[PDB]
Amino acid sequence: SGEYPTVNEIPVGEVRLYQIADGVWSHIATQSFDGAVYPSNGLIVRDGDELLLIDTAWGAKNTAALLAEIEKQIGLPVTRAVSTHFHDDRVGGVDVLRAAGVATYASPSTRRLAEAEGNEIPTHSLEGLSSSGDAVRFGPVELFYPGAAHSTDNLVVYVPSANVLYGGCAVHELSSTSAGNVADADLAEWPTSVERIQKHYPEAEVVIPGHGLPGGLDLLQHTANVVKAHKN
């Protein structure tokens, strides 16, 4: 009823959308992993009379539900999707998207890692993002590679029309007490990568983490704090 939806609020298999700004929504879904349930976010950005999708809803069935919820709530076609790193909460559902006529994209590093790890593989490579600090335009957003953090390949997304910063899993929510799933992380480099994000997007008004509640720019410093302390 208007609050940001939470993990106990969304059964696994259902998807909710949340209006962030004019023409910007997040999508929220839930999934089971190693015997625990987690929420996860993605982004939807209006692209004229089309939509750009950022990240799947963490699974084929969740991502089919995502497409159905978009048709219900927005009614514009999803034509392109970008996955911001190679894990299942970002690419699981890419096969569903591809069969629905969505063109799927990720960096070559993400595509290589997804293939090696047996995850679904976006079709198209996003060049121009292989060095930390790189940025490229993609429809109504800018894609930014901050350096290794939650994963070596993780990308962030900025919507300049609304000053919305989508940090993906390189950015944690304010209530976070841990650095999340650090299996593939670079804890030593993560603070440096967050500093690059902070320097590149100082006018961000909304910051959306890969999991949990959006907030403001404080999510970036909080993330650096939690990661440094996790390493401690």
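Don't overthink the numbering: it's just position in the shown sequence, from 1. Take the two forms, find the largest set of C-alpha atoms that superpose within 1.5 Å, and that set is the rigid core.
- With every structure aligned by its rigid core, 9-17 is the stretch of 219-227 and 9-17 whose CA positions lie farther away in 9 other deposited structures of this protein.
- Stretch comparison (84-92 versus 71-79) by mean CA B-factor in the PDB entry places 71-79 on top.
- Across the two stretches, 122-130 and 93-101, the PDB entry reports the greater mean Cα temperature factor for 93-101.
- Listed residues 28, 170, 64, 182 were ranked by CA B-factor as deposited; 182 comes out on top.
- The entry lists C-alpha B-factors for 24, 217, 17, 208, and the highest of these is at 217.
- When the modelled residues of the chain are ordered by C-alpha B-factor, residue 52 sits in the lowest third.
- In the deposited entry, the Cα temperature factor of residue 39 sits in the bottom third of values across the chain's modelled residues.
- Per the deposited record, the Cα B-factor of residue 161 falls in the highest third when ranked against the other modelled residues of its chain.
- The deposited CA B-factor of residue 148 belongs to the middle third of values across its chain.
- Residue-level temperature factors show residue 187 in the highest third of its chain, judged at the C-alpha atom.
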